[PDB]
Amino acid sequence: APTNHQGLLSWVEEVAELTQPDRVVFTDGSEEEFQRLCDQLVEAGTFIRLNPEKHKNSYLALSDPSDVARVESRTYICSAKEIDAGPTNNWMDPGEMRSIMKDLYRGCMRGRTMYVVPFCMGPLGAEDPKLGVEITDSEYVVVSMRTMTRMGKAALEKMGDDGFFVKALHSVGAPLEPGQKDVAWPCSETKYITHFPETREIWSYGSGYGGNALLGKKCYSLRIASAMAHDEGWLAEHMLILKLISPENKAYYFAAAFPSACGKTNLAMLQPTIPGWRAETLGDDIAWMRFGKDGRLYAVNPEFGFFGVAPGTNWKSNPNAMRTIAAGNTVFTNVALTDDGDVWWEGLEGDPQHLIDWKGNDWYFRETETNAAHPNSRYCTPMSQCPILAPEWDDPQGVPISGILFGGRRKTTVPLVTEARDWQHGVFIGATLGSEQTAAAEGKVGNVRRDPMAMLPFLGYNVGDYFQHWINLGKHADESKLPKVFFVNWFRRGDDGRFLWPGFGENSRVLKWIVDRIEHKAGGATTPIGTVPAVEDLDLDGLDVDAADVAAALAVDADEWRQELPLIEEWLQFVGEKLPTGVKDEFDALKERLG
């Protein structure tokens, strides 16, 4: 082993004695190692190599269809006390959990190689690099971790001899007995994704898929990290980071939290529609925000790659995503395969009459009743291949945030854009973020789900304490230096069910109002829920849209808002005993202004 970190070595020994793998392998993150792992993945049938002419060094992997299921009920925050997980989290006593998972882990890696994968979340040049080591028996995980994090030799050296690091244990939970033939995608029917916040540990078992197995993606970046940030005085958030550049060439940085399927990728890849405006991205999922010497809040993307949703993506919908993929070095999971060895998914241009679907079965145009690609299939691709990546993406100091945006899907009630009255009000609007989405295993059609700061399934501690944490950071900061907070809604619909606002690139007009507000040069009316622009405060020059529709999108109707109040109240009761008085005070204030 290429290290003298004895704490690390002891942990590897202890784990290997439990899981009993055939051998242990430390990964260094080199290109020859990568090519070697891929070659082995092709041999196992886990990867198929894509036609080099269309894709350089790119692969397709098809998972076991039972391993793509949503696993929120199998995801746990195992703090010592239940109150410290809170009502948004699944809790189990830590001792009870360990006894369950130790039973599962004992002998689990029999007949398999056990990889030890060191990695860095965020740029290496940082002063306190957040380091982790993932142990996994999945080669697929190793390859994808290489793309999604700064993996290997550099992070291992940054660990020194006694540097702290997050212990991330993973197993697919499919031991092989000496005779046994493996399968392309091993996994178990028993799945746990468990987090021990006080010790900063992640124990995953039974799934080899996505955020369950690539332990930097959500487990580290939000769950464990939010707990760290809680204790250390910063923010680990589900936010894209956008760099907006004015015609006068001034850069404004925004962090925006939207729940999944509410537009984070599209805003991150914004192509402004107002002449002279440009946009670049630093990330579309996770933001780590820390106060600098400036007194300003600086954001860094702790990830190194994109794990984007394939279906829906095309040269019209997202040319920048397509260009990122075209450069190669990409792993597609659960998409379809064309007759000429290209990949395809619903929404991608082309009209393939026959495909091989994501289960290896023949698929036929206007015949086969199932999607060719899984509806939440993924591509995993390097960030550095993104043509609109901002040059400061690998800057350990991060970028100063001028604005924080919250938003979700609301057919009614919530205006296109609102500015918060002040920081505490901003925390309130984040805290009560609603979105008209639901899932199978939940049902509840028509429901308004509250997804606080877009963090409902990602908080590593009590949601009330989290709100208090947000409150405290602002309370103790230079008020003038804090980002302004904004609430947006792209999804308001008219009486006919049309979108009142066209959105996508035209959202650059909303961001322009936001910039203008930052620069103290735009108007906005005081309403009960905040400052909302009139239609003439927005730049609609060049936009073929009905002024009356824009006015409706911006409307704050006191009745709609009064009907909204009992929804907010029952959410705030659900938050429970740790609901901060600051959030309570803001609800009362809102109620008073609505009268």
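Each residue number is its position in the shown sequence, starting from 1. Superpose the two forms; the largest set of C-alphas matching within 1.5 Å is the rigid core.
Checklist entry - Core-aligned, which moves more in 4 other deposited structures of this protein: 179-187 or 129-137, by CA RMS? => result Relative to the shown form, the greater RMS C-alpha distance in 4 other deposited structures of this protein belongs to 179-187.
Next on the checklist: Which segment is farther from the shown form on average in 4 other deposited structures of this protein after a rigid core fit, 306-314 or 76-84, going by CA atoms?
Outcome noted: Comparing 306-314 with 76-84, the larger C-alpha deviation in 4 other deposited structures of this protein belongs to 306-314.
Checklist entry - In at least one third of the other PDB entries compared, is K444 left unmodelled? => result In at least a third of the other entries, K444 has no coordinates.
Item to check | Between the two ranges 212-220 and 391-399, the one averaging a larger CA B factor in the entry | outcome: For C-alpha atoms only, the mean B-factor is higher in 391-399.
Item to check | Higher-B stretch (mean Cα B-factor, as the entry records it), 435-443 or 488-496 | outcome: For C-alpha atoms only, the mean B-factor is higher in 435-443.
Checklist entry - Among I245, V172, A154, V417, where is the Cα temperature factor highest, going by the PDB entry? => result Answer for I245, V172, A154, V417: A154, with the highest C-alpha B-factor.
Item to check | Largest Cα B-factor, entry values, listed residues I529, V545, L62, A551 | outcome: Comparing C-alpha B-factors across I529, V545, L62, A551, the maximum falls on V545.
Checklist entry - Hey, what third does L8 fall into on Cα B-factor, ranked over its chain? => result CA B-factor rank for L8: highest third.
Next on the checklist: Splitting the chain's C-alpha B-factors into thirds, which one does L456 fall into?
Outcome noted: Lowest third of the chain for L456's C-alpha B-factor.
Checklist entry - Which third of the chain does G524 land in by C-alpha B-factor: lowest, middle or highest? => result For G524, whose C-alpha B-factor we compare with every modelled residue in the chain, the answer is the lowest third.
Checklist entry - Among the chain's modelled residues, which third holds the C-alpha B-factor of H238? => result Tercile = lowest for this residue's CA B-factor.
Next on the checklist: Splitting the chain's C-alpha B-factors into thirds, which one does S508 fall into?
Outcome noted: Lowest third of the chain for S508's C-alpha B-factor.
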